[PDB]
């Protein structure tokens, strides 16, 4: 039956403050292929995020990408919120900084 999503959150370019960038969430390895993804800014859903079509590879692996433009500042927490089998997991963007 079941396997939990792997959730990876990153930016397209180096995540320096005040610079326009893209926040990306890559979600993979989940069974069943029934999932939802949201990108959050301080715990609030970011609008106009775009999600790839569900991909399916090698007879077993599903993956999805959700992305949105963002401008990271010091005090703001960006995250990816993924609900699978009615359980939500939140993964914070690890800026560094």
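Positions refer to the first chain, counted from 1.
Between 22 to 30 and 53 to 61, it is 53 to 61 that carries the larger average Cα temperature factor according to the deposited entry. Legend: mean Cα B-factor per stretch from the PDB entry, 77 to 85 versus 13 to 21; the higher mean is in 13 to 21. Ranked within its chain, residue 92 lands in the middle third, by CA B factor from the PDB record.
Ranked against the other modelled residues of its chain, the C-alpha B-factor of residue 66 as given in the entry falls in the lowest third.
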